[PDB]
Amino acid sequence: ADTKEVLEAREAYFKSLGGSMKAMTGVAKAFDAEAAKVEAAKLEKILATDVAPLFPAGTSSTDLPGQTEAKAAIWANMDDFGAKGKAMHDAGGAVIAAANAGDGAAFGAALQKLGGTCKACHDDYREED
């Protein structure tokens, strides 16, 4: 769809994930089941977003330099890109489950995994400007 709005939506989605990731890191080093649960609820809403519509062809950093960090490589590795997003969803579920179960150790560990899923995709698909 309209590059402007799709770029806006795409940026909103990832910024919210980044905020969520920051909040959860703070929670992990001084775990509290109540705080963990409010963060997991927020994450749960974010992951309910379908990102497919957010990456239409013609919106990479090559097409719109400076306007986005989405690498052209994404559109030639859609299956891989999709599998990496799926890994994030699965890791997110482990974090949420640990928050709901009030298990701090499981939360801390699930958090490491979630963080790894962000890096796995960023390493190949995000501009390291």
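Numbers for residues come from their place in the sequence shown, where the first is 1.
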query = Which has the higher mean CA temperature factor in the PDB entry, 103-111 or 13-21?
reply = 103-111
ask   = So 39-47 or 24-32, which one's hotter by mean CA B-factor in the entry?
value = 39-47
ask   = Going by the deposited entry, which of 88, 74, 54, 96 has the highest CA temperature factor?
value = 54
message = Sorting by Cα B-factor within the chain, modelled residues only, which third would residue 124 end up in: lowest, middle or highest?
response = lowest
